[PDB]
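# Based on what follows, work out the 3D shape:
(chains A, B, C, D, E, F, G and H)
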Amino acid sequence: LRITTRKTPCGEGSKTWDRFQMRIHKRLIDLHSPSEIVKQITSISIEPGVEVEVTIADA
Amino acid sequence: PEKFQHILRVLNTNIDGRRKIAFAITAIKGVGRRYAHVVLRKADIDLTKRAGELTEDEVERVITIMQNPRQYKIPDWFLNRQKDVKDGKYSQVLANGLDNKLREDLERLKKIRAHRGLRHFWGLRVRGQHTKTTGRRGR
Amino acid sequence: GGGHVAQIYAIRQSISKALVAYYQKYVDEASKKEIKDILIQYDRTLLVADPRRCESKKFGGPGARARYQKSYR
Amino acid sequence: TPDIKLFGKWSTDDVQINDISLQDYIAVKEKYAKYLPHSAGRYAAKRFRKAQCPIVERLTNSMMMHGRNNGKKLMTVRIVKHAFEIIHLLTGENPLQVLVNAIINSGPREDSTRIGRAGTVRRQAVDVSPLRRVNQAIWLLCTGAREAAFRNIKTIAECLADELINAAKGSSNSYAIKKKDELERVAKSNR
Amino acid sequence: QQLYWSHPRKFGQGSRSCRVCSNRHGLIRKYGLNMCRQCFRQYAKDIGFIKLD
Amino acid sequence: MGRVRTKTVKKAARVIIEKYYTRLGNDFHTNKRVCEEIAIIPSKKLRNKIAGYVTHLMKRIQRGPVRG
Amino acid sequence: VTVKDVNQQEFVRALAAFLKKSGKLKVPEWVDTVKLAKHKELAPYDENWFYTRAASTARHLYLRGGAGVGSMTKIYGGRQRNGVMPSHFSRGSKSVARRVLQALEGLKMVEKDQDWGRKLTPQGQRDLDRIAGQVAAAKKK
RNA sequence: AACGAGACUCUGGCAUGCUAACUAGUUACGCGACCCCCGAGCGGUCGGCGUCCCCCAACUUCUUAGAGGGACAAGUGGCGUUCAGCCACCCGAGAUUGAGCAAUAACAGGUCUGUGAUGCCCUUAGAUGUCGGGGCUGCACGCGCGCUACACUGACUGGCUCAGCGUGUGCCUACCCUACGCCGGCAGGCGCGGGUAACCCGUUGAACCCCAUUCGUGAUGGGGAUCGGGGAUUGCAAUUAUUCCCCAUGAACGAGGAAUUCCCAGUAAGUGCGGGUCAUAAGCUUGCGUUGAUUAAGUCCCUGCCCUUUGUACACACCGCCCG
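Residues are numbered from 1 along each chain as shown, chains lettered A, B, ... in the order given. You can find the structure just below:
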């Protein structure tokens, strides 16, 4: 995500800008096993603010 | 070879035999290069030779195919004028008639005295354009 | 990838190394050592690669170095 | 021939440098003969690095100038292949020996520069490097063909091959051998 | 009282408003902004971004 | 060019040679790995420097006495 | 031979002539009034441009997986000089390409196959590689 | 001893080492199908061309992103007090690939029209707080940033062939990106389908460039200003022409005074594209690819800056100060 915008409010003086960036990350682990023990063990044992999305099927 | 003739006169403008046929014809007003490469092909003649190599029989046909374009199946959209306005038809206008037609539409827009004719008579730009930094004759 | 030009240098650079690798794996050293001396003599990036790629633009210019005109009056 | 590239048809053997001064900045055949003039884009990151690359390539580089022709090195090579072709039909030589004479005959022997005294223009005569001579001579003759074909029916290829003849045999019908002698005529005066 | 109070605002620079106070002039939409560039800067520290380049 | 060593390098380089004189070789790579184990240098590029100066000192210490 | 082997400048100039002999291609009436793209400033010099373009149509279908009237135009489009404004790319005509592909399909050298695009008939693929060797027979590859 | 410098963060450049992948590929067959004998042979087979078929196949080189390693003036030769360092060379990616962050003290610099930040003053019902219309585009003139041009190293018409950074409806309040089919010269219309996105658009089938015709040194077919008529799209509304398209009209301009700007390697220049603003619309700005030179390896001459010494009637500091 890029945001390239003025560094000066009410533009005056030498023309300057500022690059901000956010880096997202995705990665996924595919399991094939009963849906019970997965949904049991998955939602627990997570310390940080990190999201998880369980899917019924994809393959 | 082919020493027969060169510069000639046709309707209202003198056309040289020096240049290629299509490009030679364009000098006559109301005919652009795009308009001529059509009319030559409806006439079914070469455009790969000079205008001084055309015969009198051939050029007699050219002006007929030109001045009745709808009747030789050149489309209506491909004309200069579609429903002129207050004349009721599709038309194709050529050299000295073009100027006469043009001067009428100027006169008309000062007759009604719209914004148009006033800008014309004052000698200022008709279309949406700035005149603050555009012009000079004066300075 | 690349344009019309840079592709030509890529296909040359690969076929040069391809030939070498075939000798490096199935034939002895002294076969390919010879071939290495020949190519690297007129080296032109046959067995090596440029590290040069485009630099990133910064503001106040249309290029990375070139700048907009400056007026004092 | 099987161990040393020609030019695609033109021998780089039977090619000499007929000065002892300007060789080791003119070379074309020690192993530096190649099928085409092109580089990977290494030509300069040291002062000595400029010298090494061929004379025929240097000629192609300085041929594309003045805005609309920059970054069109392939179009430029078209003009050079016709040049040698026209030179060979027209006079009949190894057409590289033409070019080597054309470069050597166009390089100045003495040159002037500026020196600041009393807030008024005074000039001083000084000498010139062999590397300077080569750079200057390549510049001068390429300006000729560029100039001539700016309103002539003649193509730049034709103009350029004519310009190498009149340089290779001095005759002062070229833009180069004229402009060479102008500099030296100044260098005599203020010295 | 009145039979009108409003007139079509459905597009343009007047039918969107930025979150300073309903400020404008400073046309903004990006990636779901609706957020004013002056205050965006003050939320460089706040979450959405940390400056790294 | 440039790249004249700073004082942060020259301060710790002397210290590391005084108290671990025995562990030193005169090869770059061996003297690197020793500095990695007898201390932690929190950067990687910094580590590659302090080793190289430790090496360059150890050359001279095998001649007459250093005054630092 | 495969059509890959030969030059392609030569390929079209024999394939265009081939079609016009055999009575193939029912042409549109509009062919002498047609700019041919939005980014041109003139009609073609050529008087048999339709025959030439149908050659280039059938060739690309041999290579790639086949695509409709939209994609053919994108392959042909070029640069548009807008005068005083800076140049930009744009796409050409559509209704010409829509007559080309339907005219080919009348001969069954192409056919609307599955996966959103016309693909060239085995009879078509036979005829391409047949004249591909005729190129090598002619000059000498 | 401390702050700045450096160290640091990000980015580029080196991995057939490590980690693992039908929302990424490759190879291998199994193949069966299509194709042409095109080559040995006969058409089969062997070889060649891509696509479907692909797996319970094999692998991770290519693509992707994580953990690690690698470069240190390390080695050698000169030079230096032989110190700190400097120059050349081997290996090779050479000790500088480009950005982010940045001190003390100051300016009567900009911003009360970013701020439900804010003092004081003013105004507050005949309101400086709402609807309708007009204007910010009005021209005898002066200046700045740019765009397009003055042709043959070109224009024009066909043919061939290559890319990357991104972005996209389910959001603001009514709205996205588009394949495919059909109709139209074109702008465009119409019918269906996909895309929460390494999944669909898009194997982004882009330009310059490349290959073949035509024009001929002619203000020419170079240039496309001005201007007439007609057709579409957005919107509640398009007139002082919103934008887009078609035909016609065809100007200045044929390399530019005094002056002046910017730039050292994938850099300058040429050339296209994405994002930003956006109901409709970039000659702007911000990023990205593609083609890719000439010239330098220096100096204090000009302009300016850092350090020391010196002189001063200056300290509102030479734009200062001061005399008849």
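# I'd assumed residue A:19 was in a strand, is it?
Yes - Residue A:19 sits within a strand when classified using DSSP: H, G, I helix; E, B strand; the rest coil.
# element containing the nearest residue to residue F:32 once chain neighbours are set aside?
Closest residue in space to residue F:32, ignoring its immediate chain neighbours: residue F:51 at 4.0 Å, by CB to CB, 6 or more residues apart in numbering or on different chains. For the C-beta atoms, the positions are set from N, CA and C on the backbone; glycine is no exception. Using DSSP states H and E, residue F:51 sits in helix F:45-61.
# residues in contact with that helix?
Applying CB atoms under 8 Å, 6 or more residues apart in numbering or on different chains, the external contacts of helix F:45-61 come out as F:5, F:9-10, F:12-14, F:16-17, F:24-28, F:31-32, F:35-36, F:41, F:66.
# Quick check: residues of chain C near chain A?
Residues of chain C found near chain A (CB under 8 Å from any CB of the partner chain) are C:59-60.
# Neighbours of residue G:72, how many?
Here the number of neighbours of residue G:72 (other CB atoms under 10 Å in any protein chain shown) works out to 24.
# what comes up buried for the helix holding residue F:51?
Neighbour-count burial for helix F:45-61, counted by 16 or more other CB atoms under 10 Å in any protein chain shown, picks out F:47, F:49-55, F:57-58.
# how far does stretch G:61-73 stretch from start to finish?
14 Å (CA to CA, to the nearest Å).
# Work out the gap between that stretch and the centre of the chain.
10 Å (CA atoms, centre = their mean, to the nearest Å).
# Now residue 33. Its backbone dihedrals?
As the question left the chain open, I've gone with chain A. Backbone geometry at residue A:33, expressed as degrees, to the nearest 10, gives phi -170, psi 170.
# that's the other chain; I wanted chain C
phi -50, psi -40.
# okay, which residue is most central for chain E?
In chain E, the C-alpha nearest the mean C-alpha coordinate belongs to residue E:18, at 1.9 Å (CA atoms, centre = their mean).
# roughly how far apart are that residue and residue A:8?
18 Å (CB to CB, to the nearest Å).
# again, but for residue G:30
58 Å.
# same deal with residue E:49?
18 Å.
# Equivalent analysis for residue G:3, please.
Per CB to CB, residue G:3 is found 61 Å from residue A:8.
# Settle it for me: which of the two has more neighbours?
More neighbours surround residue G:3 than the other of residue G:3 and residue A:8, with 18 against 13 (other CB under 10 Å).
# Surely that one is in a strand?
No - counting by three-state DSSP, one finds residue G:3 to be coil, located in no strand.
# For the closest residue in space to it that isn't next to it in sequence, pull up the helix or strand it's in.
Once flanking residues are discounted, residue G:3 sits nearest to residue G:132: 4.8 Å by CB to CB, 6+ apart. Element membership for residue G:132 (DSSP H and E) is helix G:122-138.
# if we can go back for a sec, how about the residue nearest to residue G:3, what does it touch?
Neighbouring residues of residue G:132 by CB under 8 Å, 6+ apart: G:1-3, G:5-6, G:11.
# Give me the distance between residue A:44 and chain C.
Here the distance between residue A:44 and chain C works out to 44 Å (CB to the nearest CB, to the nearest Å).
# Torsion angles phi and psi at that residue?
phi -110, psi 160.
# how much space between it and RNA strand H?
Distance, residue A:44 to RNA strand H, by CB to the nearest atom of the strand, to the nearest Å: 23 Å.
# For the chain, which segments count as strands?
If you meant another chain, say so; for now it's chain A. A:2-6, A:17-21 (DSSP state E).
# my bad, the chain I had in mind was chain D
According to DSSP E, the strands that chain D contains are D:111-117, D:120-126.
# So the first one, near RNA strand H or not?
In other words, strand D:111-117. Yes - counting by CB under 7 Å from any atom of the strand, RNA strand H is contacted by strand D:111-117 at residue D:116.
# where along chain C do the strands fall?
Using DSSP E, no strands are found in chain C.
# Close to RNA strand H: what parts of it are there?
C:1-7, C:48-71, C:73.
# where's the one residue in chain B that gets nearest to RNA strand H, which helix or strand?
Taking CB to the nearest atom of the strand, RNA strand H has its nearest neighbour within chain B at residue B:138, 1.7 Å off. Taking DSSP H and E as the definition, residue B:138 sits outside all helices and strands.
# how much space between it and residue B:123?
From residue B:138 across to residue B:123, the span is 12 Å (CB to CB).
# Which residue of the two possesses the greater neighbour count?
Higher neighbour count among residue B:138 and residue B:123: residue B:123, with 8 against 4, using other CB under 10 Å.
# roughly how far apart are the more buried one and chain G?
With CB to the nearest CB as the criterion, residue B:123 and chain G are 23 Å apart.
# residues contacting residue A:30?
A:58-59.
# what's the answer for residue F:23, then?
Going by CB under 8 Å, 6+ apart, residue F:23 touches F:34, F:38.
# tell me which parts of chain C are close to chain D?
Within chain C, the positions near chain D by CB under 8 Å from any CB are C:5, C:9, C:41-42, C:44-45, C:50, C:52.
# mind running it again at 10 Å?
Residues of chain C lying near chain D by CB under 10 Å from any CB of the partner chain: C:4-5, C:8-9, C:13, C:38, C:41-46, C:48-50, C:52.
# ok, of these, which come out buried?
Among the residues of chain C next to chain D, those scoring as buried are C:9, C:13, C:44-46 (criterion: 16+ other CB under 10 Å).
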